[PDB]
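1. Starting from these lines, generate the structure:
(chains A, B, C, D, E, F and G)
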Amino acid sequence: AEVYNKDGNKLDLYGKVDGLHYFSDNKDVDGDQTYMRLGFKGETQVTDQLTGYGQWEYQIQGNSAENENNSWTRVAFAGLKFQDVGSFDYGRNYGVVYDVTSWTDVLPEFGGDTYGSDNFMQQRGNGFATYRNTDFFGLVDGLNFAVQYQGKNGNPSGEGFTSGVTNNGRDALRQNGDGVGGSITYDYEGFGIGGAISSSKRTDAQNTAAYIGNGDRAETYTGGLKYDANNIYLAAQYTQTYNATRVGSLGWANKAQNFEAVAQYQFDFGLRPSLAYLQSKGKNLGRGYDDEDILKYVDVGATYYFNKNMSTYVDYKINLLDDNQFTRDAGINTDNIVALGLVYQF
Amino acid sequence: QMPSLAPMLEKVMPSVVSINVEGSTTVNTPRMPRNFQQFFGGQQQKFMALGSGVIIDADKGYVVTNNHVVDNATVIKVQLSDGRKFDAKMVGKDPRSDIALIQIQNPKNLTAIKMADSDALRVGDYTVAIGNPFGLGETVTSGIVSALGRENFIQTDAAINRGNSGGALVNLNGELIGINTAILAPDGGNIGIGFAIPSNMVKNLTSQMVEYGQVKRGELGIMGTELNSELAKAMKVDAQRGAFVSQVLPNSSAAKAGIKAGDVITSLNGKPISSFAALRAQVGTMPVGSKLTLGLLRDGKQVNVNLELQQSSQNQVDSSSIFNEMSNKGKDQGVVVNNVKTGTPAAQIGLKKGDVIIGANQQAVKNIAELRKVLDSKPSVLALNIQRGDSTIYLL
Amino acid sequence: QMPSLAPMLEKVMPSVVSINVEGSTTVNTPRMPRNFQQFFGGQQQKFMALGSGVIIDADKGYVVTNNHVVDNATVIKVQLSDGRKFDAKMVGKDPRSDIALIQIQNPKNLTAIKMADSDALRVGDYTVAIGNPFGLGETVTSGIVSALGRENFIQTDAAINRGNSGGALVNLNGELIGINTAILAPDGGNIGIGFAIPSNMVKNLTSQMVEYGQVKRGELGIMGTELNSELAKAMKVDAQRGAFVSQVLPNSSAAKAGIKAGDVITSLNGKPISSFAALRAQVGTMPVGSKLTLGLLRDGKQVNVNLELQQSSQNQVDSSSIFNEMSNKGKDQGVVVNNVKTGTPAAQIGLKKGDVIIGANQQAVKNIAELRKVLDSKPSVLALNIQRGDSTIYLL
Amino acid sequence: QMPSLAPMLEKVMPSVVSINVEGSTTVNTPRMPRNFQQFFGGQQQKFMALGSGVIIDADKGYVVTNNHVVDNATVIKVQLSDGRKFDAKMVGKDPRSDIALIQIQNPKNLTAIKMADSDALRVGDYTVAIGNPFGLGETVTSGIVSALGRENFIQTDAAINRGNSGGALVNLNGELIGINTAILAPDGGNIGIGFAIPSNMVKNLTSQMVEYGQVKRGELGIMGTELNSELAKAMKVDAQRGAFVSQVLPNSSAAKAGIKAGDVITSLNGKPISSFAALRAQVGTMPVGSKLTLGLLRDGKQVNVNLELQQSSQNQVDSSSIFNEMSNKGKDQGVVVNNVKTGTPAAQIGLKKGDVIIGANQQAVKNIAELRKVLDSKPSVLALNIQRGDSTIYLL
Amino acid sequence: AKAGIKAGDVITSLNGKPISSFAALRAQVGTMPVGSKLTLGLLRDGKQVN
Amino acid sequence: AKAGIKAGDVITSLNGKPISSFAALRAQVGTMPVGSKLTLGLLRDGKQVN
Amino acid sequence: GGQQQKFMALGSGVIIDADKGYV
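-> Residues are numbered from 1 along each chain as shown, chains lettered A, B, ... in the order given. Shown next is the structure:
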């Protein structure tokens, strides 16, 4: 909702409450999953060509008792945009690989989980410096590219570490050395085609015997396709990764091949059914694991839109992973899940 | 033995002082959290400044210094080169020239520099600068006169890489030839070489602060810029070769007499005006009450008018030895007070937005020098014979 | 009284001029919109340059200056220190040394500096530089001879923090000892200290431009770099300690005589060649038509050959006082024209890619100095006795 | 004719040498790929350093230089100004002062500079610096004494924009007055002006390295900082005006005698300690074995104790002319070896973590100067009479 | 602050007695009412005050 | 190694005959039993040995 | 989902033989 628009400054205050419940034989995901998100997007006109902006988004879980608080910052960044040249922003933001993979992250509840948060340059993460050029100086409609740098996020401070520390340090599964990446997308009418590449130094804390997938750098290569017209949405992405994909709590995959596909239709009366397939196939994993499925599921669901502010959905994760030693060791969910959600948003 | 600048420096240093300013200002309230990958876009905040100054009147304890150091000061301290410490109070300042005057409170045995005649300077002439570059103390650096402007800003290579625009510029005889300044405003720090106000101008601007309270510089009260600005384009200006009027200042002579944003001044008293620059500098060669007729451009508009004291150089809590933004009004026609604030310590005393003060708590106050001359002699009973046009009240 | 450089500066300044260049160049076409968070990767564009120069021949109005200032000039203006303004035309330039010669059009009462003997310079010697640092005018700065190379680039601390490589370097007697340059090509601006071409080299390079049209420097026509480059690795070069040949220039002597990319020169006339650098500098100590046999490396290849005039120093629209890129060919064997352009004003006149001009519109044109010596005396009827090898046509 | 510094520079240059260091260090292992839009956060790596030095003892071939140049050296080469090349070995270094001593191996016909008396320096005094700014060679730059500290770091404007902190600072008589340093540690490069250690301190620190093996500077062995640090806040410190103790060093006197992180020292021998700074400098005016009682703050704690040689200035593979980190122990009570490494070439020889060496392979080794005095005279049979407290073994 | 001390120094004793931990010290200074005088040994190189 | 040669040189012939590819060479050296002698031309600037 | 590491433990015990010092 735009709550302020005066003398060239605009402020949009937005959010949602998702009354949400999971049904699953897996009791670690089963039960109340209610949550809310809040955010703001602000923009200020500096000149006719130059605009400054900032965005912040926060998630607060609504499913805990009052003696605890489970909340986090999704994004927080400030930036400058110049008409027909580009933009730059810095902060917690999305990695440029997400420019392509976001195209299949459109499912009612699940999806978008061949990668995670704080996972090199694949999704949300800290310390992104992002440069973007839209429409190639305004001379090629629909063509966009981006180049991104990520600074090191290392070991926690004040915990007796003698190397690799940063002020905002964290556990090794969520660390990263310096990284660089890029994306190109082209959209003509309904069609879209895109590609992205990322390369991040891996830290010493990540390259210990306690984690599978030791390596100097984490690399990702992504291609994507999209069709979005005539009430039909189709998209697919394929990603090859090296020492970049987490294998639950075990560490990372030496190599992984990720694939996601989605098909959706929008009825006039407000119903939007969705069908999707995701898989992540790991190779040469180490410790005798050899080749294993990290993720494999079919997602069938539907959303009903009452209007732009109220909707309800059901999403059914038909989980094709089988319960074995590998998935047990990594703590990967192999059970089906049904989600039922009712969402108010502004 | 060997040549050295130490012998004259020993006769000069006692006149150079160090200055420590403490003061506050209004900063915007930080919005959290902080996202360094998100390029965005009231509370007083204390800050500390430090600079150099030169003793210019040993008896009165008058020290000349840069306005970028003492600006916004609440507390200004001075330390002599022998280590004696004193307190100081604002007596004057002038942001254009970046020159300010202060007075050591309770001077005792001071030494003043002799001022040389700026007009006799020549380019190959030797120069020596004295200042406090990085805070670590009083540094002297040497060199020569690089460019003699010809406003006559002096240019010299006796500067300092990445340091703050020090203070005194002295010749080989130990005489003051210029006060080094900072042309990188609201910053301090140089462009690569040094810029000094010439000693003769320093003498002149400085006496005004003493004998009037401020410098007699009239403003045309317009504000604007060049014909390249986004507004000169976003508003498409015909015939571009002059000063763009972005706005006419309120209660101004430009405002009073007639003028409106858009018109591009083309001349000033017959002479061509090709840039705000040219104009800003020309209006600076004219003391208050002067009359200057200039040609504007809308279709072909032109007028004649008389300007009043500028608003940049003003006073604050130093007129009444007590504590609390006036300035002079026209000729010796009292002291007119300007924009009052929010804390309202002085407004609370019955002083509005346009209140003159011809009554020296009993006598004549044709100016702030005089007025302040009384609020310093008889600090007992004070009744300000103020008359803001009509109302002639007498507050305490 | 006190010492000063002003007395000799007054005898020097009349020889230092200011230079304003106006010209254009080819820039890429901006692609919009502009995304500042997107690190990417033909039309003439006017630009303005400004620099200093030194009057070196009062009668002919010959001014020496940096090639980085006049390069690509369409219009070059000169303003004397007394304020008189003149027009100037290119007479010569040499990008290697970053030195150029120009001629004031219609000189009247000029003063030329005396050139001192560079060879007598010593490190503790005093130095004074004169230039136009930030455009604001003519600045002089002083210092000493820091390093005497020993090409003999002179190194001096009389530079300027963040400013553009000025021009004249003069000793305490007011004599020219070097022209300050910019070793930060296609930039201008210094590394921290100053680099000057020595006066004796300036005299030498300068006379060549006068008496030939350009400087006699032969090129081996190879182009390449060190053994660290991505191409020396991406192509894996055996035995790395020499100059990497990235490409052999077309219609060159290296090309003609024999050589192909990859070979790493190891010597030049018996002597070891450990870096492109070493080589680029060695080939620069050899005037056209010279013969220099060098050893290459592929398995063990070596050849001997003779080089021709370089292509960096060339002429354009200043040969024919009119307006329109030739250069000299071998010894006094006429003037060979090079790569014609797209606008084709000169190609349109029957001049191809390799057309010599031994006919001075009637006489002998062994060189551009002579040729231009005729297209300036008789601007009436012009018939260019050009013969591009075989065809001996006579265009107007 | 004209004045020049060349005549004294010719009597000085033979004493200034160039220094080329080759050595290695431990760098972290690069993690690939590399993502420049991802702000993150063991193997030896060779590096090359280069700097200047000054011949201080012609007979012994003793050259003074900066510790930031020779630190971590494996190979140190020296080239005289006449071009003769020599090898050099570490004899001493002291990171605090950033001063180091080396010895030319096999000197022949050397010239040493005369050292002047630092104490007689005055601010207007003339100064000349000699160094190797950008590698391209030996550059001299001139100026004056800017600030005389009063530790007496000398401040001078004879520096270099963006260049590495050279070496010699000489007066107009060619005498050494200071060695230029770099206060931008583990960087090299200046803040804008020049900082030199005064010649008298250089003489003093230098003799210690000779006659003892290292400089006698005792450390209090605490490590910490100011009361602003994140840890002074994250741990909330009461009464903030002193030195914050972040940690007490192991096997130290602070440790031994009594003290624990957190306490904020408030005084040292009665005198106020308002900053780590003040303290770090005060403890540096006290040679080993000294006793200094200081007041701590927890609730109101205070103690008295005696300090031992610091650990910053130590030796390595230069004690035994052979190759392989000891230092001195208390007064002339032998040479105590410190933290052994991983390659263990010296540990492999029966030398633990705390092994003294009073036996000069037969004689008295009250110190590293003596010890090294023997491992240089009789390189035949070597039996180290070491006794690490109890065990008195005799290894080869 | 007034009397003299600066961050970093590690107190080693309080009135002659060993101080091995902030703890020990925080507790010892708590057995002393205002205006009391307690001389303690600090450590920088070997500093001590009263 | 013993006889003389260093990385970089590109063999151009083997006993007078042209060597246009490692291939050609690897196969030619395979038609020669131990102790044989084969003189080949290298290329650096123009080097050759036996 | 090798190096020795020092650790410290503390507990209580009961004297069960005063002569032999058995706890």
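2. measure stretch A:41-54 end to end?
-> 6 Å (Cα to Cα, to the nearest Å).
3. For the stretch 251-396 of chain B, which segments count as helices?
-> B:253-257, B:276-282, B:368-374 (DSSP state H, counting those that start in this stretch).
4. Report the beta-bridge partner residues of residue A:10.
-> residue A:5, residue A:43 (DSSP bridges).
5. Tell me who's in contact with it.
-> A:2, A:4, A:42, A:43, A:44 (Cβ atoms under 8 Å, 6 or more residues apart in numbering or on different chains). The way it works is simple: take the backbone N, C-alpha and C, and place the C-beta from them, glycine included.
6. again, only this time at 7 Å
-> Listed by Cβ atoms under 7 Å, 6 or more residues apart in numbering or on different chains, the contact set of residue A:10 reads A:2, A:4, A:42, A:43.
7. if I look at it, how far off is residue B:234?
-> According to Cβ to Cβ, to the nearest Å, residue A:10 stands 19 Å off from residue B:234.
8. can you check residue A:312 too?
-> As judged by Cβ to Cβ, residue A:312 and residue B:234 stand 48 Å apart.
9. So if I had to pick from the two, which one is more boxed in?
-> Between residue A:312 and residue B:234, counted using other Cβ atoms under 10 Å in any protein chain shown, residue A:312 has the larger neighbour count: 15 against 10.
10. Now do the same contact list for the more buried one.
-> Residues counted as contacts of residue A:312 (Cβ under 7 Å, 6+ apart) are A:304, A:341, A:342, A:343.
11. Kindly list the longest helix within chain A.
-> Counting by DSSP state H, the longest helix found in chain A is helix A:325-330.
12. Which SSE is immediately downstream of that one?
-> strand A:337-345 (DSSP states H and E).
13. Show me what that next one is packed against.
-> On a contact count with 3 or more Cβ pairs under 7 Å, 6 or more residues apart in numbering or on different chains; DSSP states H and E, strand A:337-345 meets strand A:9-23, strand A:310-319.
14. contacting residues for residue 194?
-> No chain specified, so I'll use chain A. Counted by Cβ under 7 Å, 6+ apart, residue A:194 has contacts A:99, A:100, A:183, A:184, A:185, A:224.
15. actually it's chain B I care about, not the one you picked
-> Contacts of residue B:194 (Cβ under 7 Å, 6+ apart): B:129, B:155, B:156, B:157, B:158, B:159, B:180.
16. which of those residues lies closest to residue C:336?
-> Comparing those against residue C:336 with Cβ to Cβ places residue B:157 closest, at 47.5 Å.
17. and the gap between the closest one and chain C?
-> The spacing between residue B:157 and chain C, counted by Cβ to the nearest Cβ, to the nearest Å, is 4 Å.
18. Quick check: phi and psi on the residue of the stretch 101-250 of chain A found nearest chain B?
-> Residue of the stretch 101-250 of chain A nearest chain B, by Cβ to the nearest Cβ: residue A:128 (4.6 Å). Note on residue A:128: backbone dihedrals following degrees, to the nearest 10 are phi -90, psi 120.
19. Also residue B:323?
-> phi -180, psi 150.
20. ok, it touching residue B:346?
-> No - between residue B:323 and residue B:346 there is no contact under Cβ atoms under 7 Å: 9.6 Å.
21. Please say which of the two ends up with more neighbours.
-> residue B:346 (22 against 10).
22. quick one: contacts for that one?
-> Here residue B:346 is in contact with B:324, B:340 (Cβ under 7 Å, 6+ apart).
23. Equivalent analysis for residue A:126, please.
-> Residue A:126 neighbours (Cβ under 7 Å, 6+ apart): A:92, A:153, A:168.
24. Can you report how many residues lie near the residue lying closest to the first one once chain neighbours are set aside?
-> If the residues on either side of it in the chain are set aside, residue A:92 comes closest to residue A:76, at 4.7 Å by Cβ to Cβ, 6 or more residues apart in numbering or on different chains. Other residues lying near residue A:76 total 22 when counted by other Cβ under 10 Å.
25. The nearest residue to residue B:138 once chain neighbours are set aside: neighbour count?
-> With Cβ to Cβ, 6+ apart as the criterion, residue B:138 has its nearest non-adjacent residue at 5.8 Å, and that residue is residue B:132. Neighbours of residue B:132 under the rule other Cβ under 10 Å: 24.
26. so of the helices and strands packed on strand A:337-345, which one's packed in deepest?
-> Comparing those by mean neighbour count (mean count of other Cβ atoms under 10 Å in any protein chain shown), strand A:310-319 ranks first with a mean of 18.
27. what lines up beside it in the sheet?
-> strand A:292-305 (antiparallel), strand A:337-345 (antiparallel).
28. would you put the C-alpha positions of that strand in PDB?
-> Output in PDB follows, covering the C-alpha atoms of strand A:310-319 (Å, rounded to 0.1, in the frame of the first residue of the first chain):
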ATOM      1  CA  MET A 310      -7.100 -12.000  -0.300                       C
ATOM      2  CA  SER A 311      -6.400 -15.500  -1.400                       C
ATOM      3  CA  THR A 312      -6.400 -19.100  -0.300                       C
ATOM      4  CA  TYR A 313      -4.400 -22.100  -1.500                       C
ATOM      5  CA  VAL A 314      -3.700 -25.800  -1.200                       C
ATOM      6  CA  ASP A 315      -0.300 -27.200  -2.200                       C
ATOM      7  CA  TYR A 316       0.500 -31.000  -2.200                       C
ATOM      8  CA  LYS A 317       4.200 -32.000  -2.200                       C
ATOM      9  CA  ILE A 318       4.300 -35.600  -3.500                       C
ATOM     10  CA  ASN A 319       7.800 -36.500  -2.300                       C
END
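29. ok, whichever residue of the stretch 151-300 of chain A sits closest to chain C - contacts?
-> Using Cβ to the nearest Cβ, residue A:182 is the residue of the stretch 151-300 of chain A that sits closest to chain C, at 7.9 Å. Residues in contact with residue A:182 (Cβ under 7 Å, 6+ apart) are A:96, A:145, A:146, A:147, A:196, A:197.
30. try it again with 10 Å
-> Shown in contact with residue A:182 (Cβ atoms under 10 Å, 6 or more residues apart in numbering or on different chains): A:96-97, A:99, A:121, A:131, A:145-148, A:195-199, C:38-39, D:35-37.
31. Next, name the residue at the spatial heart of the chain.
-> Answering for chain A, as no chain was given. residue A:123 (3.9 Å; Cα atoms, centre = their mean).
32. That was the other one, I meant chain B.
-> So for chain B, Cα atoms, centre = their mean, it's residue B:94, sitting 1.2 Å from the centre.
33. re earlier: please enumerate the shared neighbours of residue B:323 and residue B:346.
-> B:316, B:317.
34. Can you get me a residue count around residue B:179?
-> By other Cβ under 10 Å, 30 other residues sit near residue B:179.
35. sorry, that was for residue B:155
-> Neighbourhood size, residue B:155 [other Cβ under 10 Å]: 24.
36. just residue B:356 next, same as before
-> 20.
37. just to revisit the earlier point, what's the most buried one of the strands paired with strand A:310-319?
-> strand A:292-305 (a mean of 19).
38. distance of whatever residue of the stretch 51-200 of chain B ends up closest to chain A from residue D:368?
-> Nearest residue of the stretch 51-200 of chain B to chain A, counting by Cβ to the nearest Cβ: residue B:186, 18.6 Å away. Computed as Cβ to Cβ, the residue B:186 to residue D:368 distance reads 56 Å.
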